[PDB]
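Just the one chain here, the form deposited in one PDB entry, laid out as structure tokens.
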């Protein structure tokens, strides 16, 4: 008939059965929010501001939405005053190990900085940023070159051009650069590190978005997966 998932998923705790009740409840909350957002989008076909003004009623910290068709990446983007505000908090401001997909506290929304950074968990249960790992394969990249990114000030597409693995020590990412030479070096370095080949033209006149896995404090994880994309304005 008309099914969004392999199996039917109950949303009310009282009807959720089986193992991992909590995980299923967390999943239910995202499914509910995805539905609310999808209806908002289909309704405001000519704009994007109303969609987010509606989401802000839930939490003013919801500053965007990121979605990749055919994958589990379909979540609200949170932003706090630090890069750990939403590390272990969901969009309802409830404590959750996986937290939220969140934007670096330094980034602007109305007029994007040179490099906009989003962070998310990668626990390997096919949620949040687990999808970034799939980008390390050329086959997957080719079929998922465009990611949707929306915010109150516009609708964008992220044209993926680099995916690689690094350490968890690499904790300082620049949002803007001293000059074109440094930005050019960053772009060149980004393509150089990529384990996948891309034909995307990115120049110093362009803006990019960095998607990075992020781990819990005092975690054993040693590697991070990074995916970088060129930001394209849709409407």
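Only residues modelled in both forms are compared. In this text, rigid core is short for the largest set of C-alphas that superpose within 1.5 Å between two forms. Residue numbers count along the first chain shown, from 1.
Beyond what is shown, the protein has a form deposited in another entry; the following relates to that form.
Among the residues 168, 175, 184, 54, the single one whose Cα moves by at least 2 Å between this form and the one not shown, once the core is superposed, is 168. Relative to the displayed conformation, the Cα-Cα distance from residue 168 to residue 92 grows by 3 Å or more in the other form. Relative to this form, the distance between the C-alpha atoms of residue 226 and residue 172 is reduced by at least 3 angstroms in the other form. Under a 2 Å criterion for C-alpha shift, the consecutive stretches of 3+ residues that differ between this form and the one not shown after core superposition lie at 168-172, 220-222.
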